[PDB]
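Engineer: If you scroll down you'll find the structure; I have some questions about it.
Please treat every number below as a calculation from the coordinates, not as lab data. Reconstructed Cβ throughout: ideal geometry from the backbone, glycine too, with neighbour counts over all protein chains shown.
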Protein chains: 4
Amino acid sequence: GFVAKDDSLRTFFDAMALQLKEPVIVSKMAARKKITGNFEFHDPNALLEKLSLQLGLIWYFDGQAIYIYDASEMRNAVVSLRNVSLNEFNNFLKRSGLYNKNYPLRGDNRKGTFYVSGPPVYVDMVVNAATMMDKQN
Amino acid sequence: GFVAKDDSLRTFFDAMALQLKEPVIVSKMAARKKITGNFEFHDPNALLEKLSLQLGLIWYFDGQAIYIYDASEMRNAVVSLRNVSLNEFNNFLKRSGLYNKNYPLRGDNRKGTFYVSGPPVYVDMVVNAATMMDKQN
Amino acid sequence: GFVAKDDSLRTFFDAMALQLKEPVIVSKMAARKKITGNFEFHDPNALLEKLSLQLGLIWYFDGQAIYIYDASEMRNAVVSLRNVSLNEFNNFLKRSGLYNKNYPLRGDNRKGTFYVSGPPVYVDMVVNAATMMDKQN
Amino acid sequence: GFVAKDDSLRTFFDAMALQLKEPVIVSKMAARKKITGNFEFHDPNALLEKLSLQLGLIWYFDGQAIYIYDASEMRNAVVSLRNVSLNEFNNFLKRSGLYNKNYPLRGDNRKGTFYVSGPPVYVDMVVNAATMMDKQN
């Protein structure tokens, strides 16, 4: 529950996440809308999805921090390891705590190549893990 | 719905896009007209096409941002990959969310060459994706 | 037992640890919450787990200092010794005073490679001990 | 015997050691607690063990100076001489005036290698004696 005549969306998301003891990051563009009015009796997961639908936001949680971006920040990137086979790479990237539209990965036709489609922290985490796993191989 | 005795077209488009929670970009030339009067009971898609017809605008949406240019900004560019065949390149560029007059692509007679005809962000996105796909090949 | 209308979590943890003559470290992010109210008749181990659950903290004790981090600080790192076999390395790392979720280690599929998953002081201690044991071999 | 409403532990230990004409060193972390109240009729060895238990201190005496550290300062270090066999090295390190938990040494599995586990002045003295004995060999 929260009421306000006007505060930045960023502040609503920050207060929400902090109320639930969940570390949050909010992109500079994800936010920049304003919010006005009152939320009450709203289950937390429902507040997050409703805020995300109206402001066109996509979030990514990695068990540590809740990353909140504008949906328009989602991009595609291609990762093509040099020393390690893509099937082995996927075996290491794959996890039961993976989340998406925000963070989908899939093998593509390009030899030994996968495409990562999602928010910036997705692509950066998968790319860095990629480069390290490739250097080990 | 909106009324005004006079504001820059840019401001009408910005207020419109923001009213619908859609990230917008407006070229420096796309805008520079002025608008006067009132719109009401107008379905949003209809406001966009009517504004575009009168001011000679072409828009491009990529699922993230609505790019608005003057129609006179549309250009042609030729992309000729060095390592990848044009048929394979098209297979990667092609998408169900492609839009045009703003963003048409087609194979031409010039060997392993396609022509991209559309607004600047079209040509820049397709060219960059081109160069990357070619470097992978 | 402690009462306060408002002090930083960091100060509660510091006062707690010092009351029990236990050297403490508190990460810059582990803390930054505020605490309000009173604790009483609370067994010390219970205060630590309750503070940790509410503020999403993970602690690591090595017989010298109690390290307190936010749970979101836990990371994974891969150690691949060059001169020493991983089975021998584990024989040296293993101890009856090892603690985790904060500080788990396990062999992975990657040849002569283990993964260390836990708070920063975990990963730093195991990595440094690793490098030294490897230099000896 | 001593009374005080409040003085640094460091000062209690200093006054204690000086009362018994025993040169003392107190680490910067060993001390930094405060002491309040009175000790009386207390046998000196008993004062030392009680102060050490409450403040979590470990002491090391080498016949010259009483070194007082926090127990959390104890570390492990591996010494692997290059020219001298470890069995001969132990024959030289060993003494009837050796003290521990503060200063234990033992042969390990690593070839021609012992582990020294104890306070800083332990490890520094044994390491320096090690290097000299090795240079002689």
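Engineer: In segment B:18-59, what count of residues is obtained for those that are over 15 Å from the mean Cα position of the chain (by Cα), part of a helix (DSSP H, G or I) and more than 14 Å from B:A71 (Cβ to Cβ)?
Structural biologist: Residues flagged as over 15 Å from the mean Cα position of the chain (by Cα), part of a helix (DSSP H, G or I) and more than 14 Å from B:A71 (Cβ to Cβ) within segment B:18-59 amount to 7.
Engineer: Now for a separate question. Mind listing just one residue for me: the one in segment B:1-57 that is of a type in the set (K, R) and free of Cβ contacts under 8 Å to residues at least 24 places away in the same chain and, of those, surrounded by the most Cβ atoms within 10 Å (Cβ to Cβ)?
Structural biologist: B:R10
Engineer: Condition first: closer than 30 Å to A:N90 by Cα and of a type in the set (F, W, Y). Now tell me which residues in segment A:34-80 satisfy that.
Structural biologist: Scanning segment A:34-80 gives A:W59, A:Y60, A:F61, A:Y67, A:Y69.
Engineer: Could you tell me whether D:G63 is at positive phi and loosely packed, with under 13 Cβ neighbours inside 10 Å?
Structural biologist: Taking the combined requirement at face value, the residue satisfies it.
Engineer: As an exercise: evaluate D:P119 against (1) over 15 Å from the mean Cα position of the chain (by Cα); (2) within 12 Å of chain C (Cβ to nearest Cβ) and give the number of the one condition it does not meet.
Structural biologist: The failed condition is (1).
Engineer: Moving on to the next point. Out of all the residues in segment A:60-93, which are away from chain C (no Cβ under 12 Å), acidic (D, E) and either over 18 Å from the mean Cα position of the chain (by Cα) or closer than 30 Å to C:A77 by Cβ (or both)?
Structural biologist: A:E73
Engineer: Still on this structure: For segment A:98-137, how many residues are closer than 18 Å to A:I25 by Cβ and in contact with a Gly (Cβ under 6 Å, 6 or more places away or on another chain)?
Structural biologist: Looking only at that region, the number is 2.
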